[PDB]
**Student:** 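Starting off with a structure, shown below.
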Amino acid sequence: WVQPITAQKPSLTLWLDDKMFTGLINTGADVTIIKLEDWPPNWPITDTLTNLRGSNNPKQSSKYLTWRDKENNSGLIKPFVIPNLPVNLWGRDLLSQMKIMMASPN
Amino acid sequence: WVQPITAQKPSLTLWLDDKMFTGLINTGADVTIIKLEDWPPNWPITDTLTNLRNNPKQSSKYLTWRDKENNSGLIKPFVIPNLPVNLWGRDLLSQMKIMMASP
Amino acid sequence: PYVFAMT
């Protein structure tokens, strides 16, 4: 698949375990973030002593989540779960497993 | 050019007017941000009443961006203290006609 | 404008 970068939000829709999520492609971030409002209440989260330069000691998924795209590619991520975010943010942890590259005509 | 996305910071080096800057490709941002620490003191910046999710400074002028293949255009970045890296937003990336692709 | 970086 191909997605030009424009003024519009670059987005991907995929599954984490059994649930569909939509998020912003976020090359700027090492790690994936799910906004607390999209986080399934029954899925366990845990404190971390990680710090995110961009929210200190954020929550993270207790378990690894199986990501799956619409072509049935899959892998594991363990996202951070952050309160008061407008959008999910797909980081380079996920993007790299989907073998996504950036290219210019030139 | 082609750059796989990996754990390493995806970076671009280019000119804004006469000066070289290096930064992180930041698809998540509408607008480009330059570290106040890298910002030439003689280049004017202005208050805004915009918030970036606050009241940040922005370049008073449009800056001519130029890459190493001599593609060019205009951006007007925000200028923010206390960031570790410059951040290339979609204002710049869209003018460079950058695509994301997967095998 | 929304600005989504972090180590």
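Just so you know, these numbers use all the heavy atoms, side chains as well, and skip hydrogens, waters and symmetry mates. In what follows, chains carry the letters A, B, and so on, assigned in the order in which the sequence lines appear, proteins first and then strands, with residues in each chain numbered from 1.
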**Student:** For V3(C) versus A29(B), what's the shortest heavy-atom pair and its separation?
**Tutor:** CA-CB, 4.0 Å
**Student:** Can you tell me how far CD of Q95(B) sits from CG of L74(B), rounded to the nearest 0.5 angstrom?
**Tutor:** 7.0 Å
**Student:** Can you get from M99(B) to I25(B) by hopping between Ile, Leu, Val, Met, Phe, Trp and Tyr side chains that sit under 4.5 Å apart?
**Tutor:** no
**Student:** Given the rule in the side-chain contact (heavy atoms from CB on, under 4.5 Å) test, do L12(B) and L93(B) qualify, once you have shown the distances and angles that lead to the verdict?
**Tutor:** CA-CA 10 Å; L12(B) 287 177; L93(B) 303 174; 4.2 Å; yes
**Student:** Return yes when atom NZ of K76(B) has more than 12 non-hydrogen atoms of other residues, nucleotides or ligands closer than 6.0 Å, and no otherwise.
**Tutor:** yes
**Student:** Any side-chain heavy atom of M6(C) sitting closer than 4.5 Å to one from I33(A)?
**Tutor:** yes
**Student:** I'd like to know whether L85(A) forms a side-chain contact (heavy atoms from CB on, under 4.5 Å) with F80(A), so could you lay out the CA-CA distance, the side-chain angles of the two residues, the decisive distance to 0.1 Å, and finally the verdict.
**Tutor:** CA-CA 12 Å; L85(A) 255 52; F80(A) 292 95; over 6 Å; no
**Student:** So, the side chain of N26(B) versus the backbone of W88(B): is there a donor-acceptor pair under 3.5 Å, distance only?
**Tutor:** no
**Student:** Can we say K35(B) and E37(B) salt-bridge, meaning some charged N sits less than 4.0 Å from an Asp/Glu carboxylate O?
**Tutor:** no
**Student:** Please report the shortest heavy-atom distance between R92(A) and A7(B), naming the atom on each side.
**Tutor:** NH2-O, 3.0 Å
**Student:** Is a side-chain N or O of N88(A) found less than 3.5 angstrom from the main chain of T22(A), in a donor-acceptor match?
**Tutor:** yes
**Student:** What closest approach, in Å, do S11(B) and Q3(B) show between heavy atoms, and which atom pair accounts for it?
**Tutor:** N-OE1, 3.0 Å
**Student:** Mind telling me whether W39(A) and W43(A) have parallel, tilted or perpendicular rings, with 30° and 60° as the class edges?
**Tutor:** perpendicular
**Student:** Between the side chain of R68(A) and the main-chain N/O of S74(A), is any donor-acceptor distance below 3.5 Å?
**Tutor:** no
**Student:** What is the minimum heavy-atom distance between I80(B) and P56(B), and which atoms define it?
**Tutor:** CG1-CB, 4.1 Å
**Student:** Side chain of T48(A), backbone of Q60(A): donor and acceptor closer than 3.5 Å?
**Tutor:** no
**Student:** For the NZ atom of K59(A) and the OG1 atom of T46(A), what is their distance to the nearest 0.5 Å?
**Tutor:** 6.5 Å
**Student:** Atom CG of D38(A) and atom CG of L16(A): how far apart are they, to the nearest 0.5 Å?
**Tutor:** 10.0 Å
**Student:** Any idea which heavy atoms bring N55(B) and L49(B) closest together, and the distance?
**Tutor:** OD1-CA, 3.3 Å
**Student:** Supply the atom-to-atom distance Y62(B) OH to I75(B) CD1, rounded to the nearest 0.5 angstrom.
**Tutor:** 11.0 Å
**Student:** Look at the side chain of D93(A) and the backbone N and O of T32(A), then say whether any donor-acceptor pair between them is shorter than 3.5 Å.
**Tutor:** yes
**Student:** Minimum heavy-atom separation for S59(B) and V79(B), please, with both atom names.
**Tutor:** N-CG2, 4.3 Å
**Student:** Which distance, rounded to the nearest 0.5 Å, do you find between the CD1 of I5(A) and the CE of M100(B)?
**Tutor:** 3.0 Å
**Student:** Within the distance-only criterion (no hydrogens, no angle test), does the side chain of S102(B) pair as donor or acceptor with the backbone N or O of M98(A) below 3.5 angstrom?
**Tutor:** yes
**Student:** Can you tell me how far apart CG (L63(B)) and CH2 (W15(B)) are? Round to the nearest 0.5 Å.
**Tutor:** 15.5 Å
**Student:** Do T6(B) and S96(A) have side-chain atoms, one donor and one acceptor, less than 3.5 Å apart?
**Tutor:** no
**Student:** Apply the test side-chain contact (heavy atoms from CB on, under 4.5 Å) to residues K9(B) and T7(C): give CA-CA distance (whole Å), side-chain angles for both, the deciding distance (0.1 Å), then the verdict.
**Tutor:** CA-CA 10 Å; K9(B) 285 198 162 43; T7(C) 302; 3.4 Å; yes
